[PDB]
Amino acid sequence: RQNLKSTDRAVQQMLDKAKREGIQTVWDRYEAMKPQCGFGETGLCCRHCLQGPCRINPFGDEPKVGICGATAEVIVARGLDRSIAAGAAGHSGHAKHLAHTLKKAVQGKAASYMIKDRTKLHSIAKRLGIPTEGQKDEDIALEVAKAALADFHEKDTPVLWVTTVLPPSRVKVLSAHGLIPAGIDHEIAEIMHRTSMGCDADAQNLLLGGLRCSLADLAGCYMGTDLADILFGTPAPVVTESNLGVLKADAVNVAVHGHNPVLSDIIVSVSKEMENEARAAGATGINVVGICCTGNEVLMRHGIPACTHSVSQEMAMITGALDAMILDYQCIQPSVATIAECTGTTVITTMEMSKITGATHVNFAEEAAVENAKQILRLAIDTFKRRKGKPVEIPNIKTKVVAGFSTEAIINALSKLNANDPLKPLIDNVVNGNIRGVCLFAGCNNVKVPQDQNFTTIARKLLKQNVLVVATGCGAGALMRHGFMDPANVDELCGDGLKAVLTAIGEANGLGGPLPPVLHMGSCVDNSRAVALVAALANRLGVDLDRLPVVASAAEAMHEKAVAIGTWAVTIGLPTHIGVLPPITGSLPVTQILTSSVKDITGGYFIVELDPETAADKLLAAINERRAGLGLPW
């Protein structure tokens, strides 16, 4: 039975435990929701004013139009635009938090934080045009943080975290269509305005606004990665493990869940100090483990093992060994606060704008990060003690994970084959066919799709066709939990050409073995790292991104953030697969813009395909079409 819910064996085992214990899960709540509303599924519902709710029958007779006259086209486009703005609001709110934290750190107001990556700080300053010669690091960083904050509002320049991160030719194409954001929060607000009742009512105009707001989301992502690297270190290759078997019955198990490394990075460092305090309580130590993006952040930088991801997050609690779940914001099922009553887990919120009824709230202030962390960890230690003598059921299931492939690390790895032209070995192998193209897997799991089934099915076909696969967020989580980040699986998973390249790079890096089958490029904001890599390739080749054999797949998408990311992938020029239905099919004109005529605007386009084998074929076709456009064999 449980295989229809998740393809992860550890998740299946915990689903069996939840069932016999009567603990309701996300899958049970989904079953209880069926059949879901077909107006909502197709996008043909509007609640943007108190004359509503309005709906439109996909087919048949009336209602055919909204009460104010809004057509199916308008309703669908307005709902989509609001989702893009909501995603932009999340990624950029994360980035804004980090910008204020950096400012505080270098103003002397938060001594738990510091410039850890001086090289990253100077390179960002150079990219932005901020002078470094003869300046103190703290002054350079103050200027970077102020520039970050300035990109949220209108000013004399557009959003620099768009215009300084894409090639000039791409910026020119976007500017010609009016798509460069003027300010991050400015664009979010303009979306909410133009989609309110009696405002924008032309599908093309609305969708152009959405594309521009998606670039505000990209700017937030890139800003988040940049600032987190300065504060916490740019990732480099690291070896760790994933899945529920990383929990340890004899340790205090603490999950960091949510998004921002401002919180999870301090938890990691403070946890090591309190080891002896944990031992006094009868534990071996504090075992910090990751869930969702903030787990990815500490996996990428510190090798903290990943417990689980996205849709299966409740299953970590069902083991009975999760003593604490420490939260900041985004992608946290609020069910965790009630499940904790039955599992014993202490669920702790820390951010003023993200509370859950029934969860313990411990305000976290960057100015008091270490002390606030100790208060939180001491709640976890008390919880470990309370479970003295209780059996736990930790599935003895884990994989080996090689990760930490920031763009800097990928360039460094390649530089071992060509020191002064590090991108050339990659391009050479694209040209000779050893690498067919590149595919970025991104985004969530979604309860509608058996967990991980689309990521793994698509990835397997692409890897066998010599596609270089990179991954972020819970797409990276899916692939790591299924062995795709273990170099021991290269022979099984990779075509001969891809294997040759991964082996050549690995052996040049002293590994006596290959790079892993899939390169983990980090959290969801770290989709911006894939942008940096692709933009660097484009610049080295002297072509725009919409000529490169690079595609993206949000194969099991869920969050509004994933819609925003998919939309900016299209906007920067990529064929972009989405493996769940976004609420667009109720308007053929809108679907045709997003899947076809946007090619004429940005060169990218959505590929909506729920069958993963077919999605892989379509992604391969998109890659091979790009190869043919460059005059390459395929």
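So that the term is clear: the rigid core is the largest set of C-alpha atoms that superpose within 1.5 Å between two forms. Don't overthink the numbering: it's just position in the shown sequence, from 1.
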property: More shifted region, core-based fit in 4 other deposited structures of this protein, 494-502 vs 256-264 by CA; result: 256-264
property: RMS CA shift, core-fitted in 4 other deposited structures of this protein, bigger for 179-187 or for 508-516; result: 508-516
property: Stretch with the greater mean C-alpha B-factor as recorded in the entry, comparing 247-255 against 405-413; result: 247-255
property: Which of 339-347 and 270-278 has higher mean CA B factor, as the PDB entry lists it; result: 270-278
property: Identity of residue with top Cα B-factor, from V518, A86, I75, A105; result: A105
property: Residue with highest C-alpha B-factor in the PDB entry, from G210, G220, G483, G513; result: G513
property: Modelled-residue ranking by C-alpha temperature factor, third containing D600; result: highest
property: Chain thirds of CA B-factor: placement of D452; result: lowest
property: Where the record places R386 (Cα B-factor, split into thirds across the chain); result: highest
property: Entry-reported Cα temperature factor of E21, expressed as the chain third it lands in; result: highest
property: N527 - which third its CA temperature factor falls in, relative to the rest of the chain; result: lowest
